[PDB]
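Just one chain follows, in the form solved without the named molecule, and it is written as structure tokens.
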């Protein structure tokens, strides 16, 4: 329960690759080179969660000029969009070791990140391209309808979209072809946005 939150160092590389493998299927993982880019080129944009000298989580980001740039892109191209002075922070992933999920860690990490981005000079907006977890249970309902499907009390039915919703995200739109290998979601990412102006 003794947690530390810090920016990554190069030495974290192998543990963060290990975290990537544990958190995502092979088709959904980013490659080792991208983990290295984040920690070498943009350490101020990433946060690592430690539990007694062991990494158990990470939240990642980069800065881009505007969300429209994400249209018609794949996840492997989006690193090329990074700009040092971009007014939009793009959250790239929230990773929590599966054995430690549903303990509020993701919640705390996202909140911290959101607060942190709100005080970065020049940053106007935060967005993320996330994805559904349970679309195969609802197929063939169109994904464009599914991503807004709320139960009777109003939380989104999809647990990954709900996570963003409960932290103040607005579901913007589908991004077809964002993840060519994500066949359960028919390649589609989901763009969400955070209004950070109150922060």
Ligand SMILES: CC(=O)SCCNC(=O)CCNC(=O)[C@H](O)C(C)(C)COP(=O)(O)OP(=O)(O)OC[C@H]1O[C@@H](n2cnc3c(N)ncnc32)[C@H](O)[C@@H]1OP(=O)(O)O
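Residue numbers count along the first chain shown, from 1.
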For the C-alpha atoms alone, is the average B factor greater in 123-131 or in 85-93, going by the entry? 85-93
Would you determine, from the values in the PDB entry, which of 64-72 and 160-168 has the greater average C-alpha temperature factor? 64-72
Just the C-alpha B-factor column, please: which of 174, 48, 155, 141 has the biggest number? 48
Among the chain's modelled residues, which third holds the C-alpha B-factor of residue 137? lowest
Of the three thirds of Cα B-factor ranks in this chain, residue 40 occupies the highest
Sorting by Cα B-factor within the chain, modelled residues only, which third would residue 11 end up in: lowest, middle or highest? highest
Sorting the chain's modelled residues by C-alpha B-factor and splitting them into thirds places residue 188 in the lowest
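Unshown form solved in complex with the named molecule; subsequent notes refer to it.
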Using heavy atoms and a 4.5 Å limit, would one call residue 62 a contact residue for the named molecule in the bound PDB entry? no
4.5 angstroms heavy atom contact with the named molecule in the bound PDB entry for residue 91: yes
How about residue 115 - does it come within 4.5 Å of the named molecule in the bound PDB entry, if we only consider non-hydrogen atoms? no
Is residue 103 a contact residue for the named molecule in the bound PDB entry, using a 4.5 Å heavy atom cut-off? yes
Counting any heavy atom within 4.5 Å as contact, can you tell me which stretch out of 157-165, 66-74, 139-147, 40-48 lines the named molecule in the bound PDB entry? 157-165
Which one, 131, 174, 55, 30, lies within 4.5 Å of the named molecule in the bound PDB entry by heavy atoms? 131
Even though the named molecule is not shown here, does it sit in the bound PDB entry so that 96, 107 and 179 each have a heavy atom within 4.5 Å? yes
